[PDB]
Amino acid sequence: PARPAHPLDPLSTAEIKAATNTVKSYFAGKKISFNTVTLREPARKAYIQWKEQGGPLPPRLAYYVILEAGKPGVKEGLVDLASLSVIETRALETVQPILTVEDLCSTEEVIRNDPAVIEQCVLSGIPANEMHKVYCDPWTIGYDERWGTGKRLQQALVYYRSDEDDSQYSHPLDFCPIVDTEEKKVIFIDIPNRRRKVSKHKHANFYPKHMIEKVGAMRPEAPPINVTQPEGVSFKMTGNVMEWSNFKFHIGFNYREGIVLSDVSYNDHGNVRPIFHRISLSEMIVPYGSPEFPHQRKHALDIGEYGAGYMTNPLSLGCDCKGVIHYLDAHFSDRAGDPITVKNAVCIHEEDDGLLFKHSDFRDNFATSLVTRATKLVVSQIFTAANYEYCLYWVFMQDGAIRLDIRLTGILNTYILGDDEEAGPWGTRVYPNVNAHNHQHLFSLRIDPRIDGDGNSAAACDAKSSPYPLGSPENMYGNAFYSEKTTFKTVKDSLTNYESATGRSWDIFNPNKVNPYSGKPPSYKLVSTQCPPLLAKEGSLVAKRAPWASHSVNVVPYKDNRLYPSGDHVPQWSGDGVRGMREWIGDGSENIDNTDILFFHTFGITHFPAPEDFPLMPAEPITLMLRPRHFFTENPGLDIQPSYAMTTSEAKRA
């Protein structure tokens, strides 16, 4: 073939087709379809050897997942692209894999044509000949103990539109078809004991034409705010390699995690210093809080069950990325093994970010003054998970901090509410006959650190008052306080939650090195307070399927291919068994002090819906930050030209 320059680059369309031809011919004479065809990233060691020790260029490898008509489960393996050969393969009869766009799109038509569904629609007050008005969002079944992984199943959350331009969410139906993905057939419908017929209300709609009817008129177009960069941008991309304000890193992308940032370094006045080997979102879970059947099956693990790459929007087509933008495209396989392309999947731009720092001297009434403005680099994507929109922004900053900002928008998952029916305490009546259930949105940030090089550790940092009492020689006036650092020795030590009582943060640090001034190891500190406990109980489906979510922090030894904390093949796993994070934690005893580590952080929000969220939700923000502390010997932004600067001597002259 043709090799790309960079070993971390995503598979090209050529390489995807090369992978699938190879798999086609290895399974000669068998009806197979493609589920995933994606880069197998090289071993961390091989990569670092090639980057830094003159080691050989790692082989280019593609990971595939296929189904075979008439065989249970899946098959997966590795194709070596240089040699067009399958070098590893195995059958997994008892898992089900990520649901692709194609697996999903056929479900509405299946339910529209199914006779028992048609009858449920009639019983709900919709005539058999208006089946074109019935829509469904197709989900994994998630987990249902009636079937396990024995068939590949979806559940169809059913809605009604009066008009194709309606937002269907004001109009859920009461029942839930279960659909065999591979047979394209409804196998069961969950029907509640109390039937609730379709709402007779107007749809709750949100397009300008709708809004003109509903409130009289749109607001006048607002006077514009324009953003130009006449001399272009300060960042520089070579392929997928970004350089900007001393940062250098590789921007990757795959079907599952969406954006993957690799090989992050900071150029400290000629000394190029590693910070992270890899950072990405590795799994999510969005557990709903109504205990009534079948709503326990709402607990999407969006990343593992659908894919933040597979679900991602082409950007620009609307006004998502405002300004001077560099775009990246995404490439996948379809069922037949032909490359597909999502254009402008990733957007890269730089924005003003307010003040970086400022100080003035009161002595000459602030005539002595220095002000420097902040610019941030944003690498972003937006994915749509049926009703939800997840807006993901990786932000680099000029003090050397890296921030992840998320904005949740889209539409509430809704279920039907009867005239007389109370939504509380599990949900909110956000509109007549509409129940919006409580839920949480949780994410697992996976960090593979390489803080100032190799051999890292992690720690909790808790603010504590001095243990000495008020009025003692040691704490006369009772004000003394310090930071108590707890270095994690073994896996089990790391299993920790955010604590407001101590303003807890976590350090990822290199214990082999030492800041010359402070005497502390160089570190990036995780500052993150949007860290909900998992509300679902110990031993619940939610806690079993997402064992990473029960702690804000989980730190385990590095091994290759430890990406996905809820397992490689997420849908319809019951949560029983030793896999993903539960495997990596083990008996809890393995060393994580001064070695190669992986730090998985759980964060997100608990959402109690309100009418403000409906029919379309205003963005709700989530952020965490990773700040250098004792990494530099001083403010690393001081060499950036000030916006304004006047010395005490210049002030006197002026």
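The term rigid core refers to the most C-alpha atoms you can superpose between the two forms while keeping them within 1.5 Å. Numbering starts at 1 and follows the sequence shown.
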Which of 218 to 226 and 315 to 323 lies farther from this form in 8 other deposited structures of this protein, as RMS of C-alpha positions after a rigid core fit | 315 to 323
Do you reckon 602 to 610 or 52 to 60 strays further from the shown form in 8 other deposited structures of this protein, measuring C-alpha RMS after a core fit?
-> 52 to 60
State which stretch shows the higher mean Cα B factor in the entry: 192 to 200 or 404 to 412.
-> 192 to 200
Can you let me know which of the two, 263 to 271 or 491 to 499, has the higher average C-alpha B-factor in the entry?
-> 263 to 271
Report the option among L84, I178, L301, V95 whose CA atom has the maximum B-factor in the deposited record.
-> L84
Of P628, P611, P56, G586, which one's C-alpha B factor is largest in the deposited record?
-> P56
According to the PDB entry, is the CA B factor of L616 in the bottom, middle or top third of its chain, that is, lowest, middle or highest?
-> middle
Of the three thirds of Cα B-factor ranks in this chain, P522 occupies the lowest
What third of its chain's C-alpha B-factors does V65 belong to: lowest, middle or highest?
-> middle
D9: CA temperature factor from the record, placed by chain third, in the highest
By the record's CA B-factor, is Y327 among the lowest, middle or highest third of residues in the chain?
-> highest
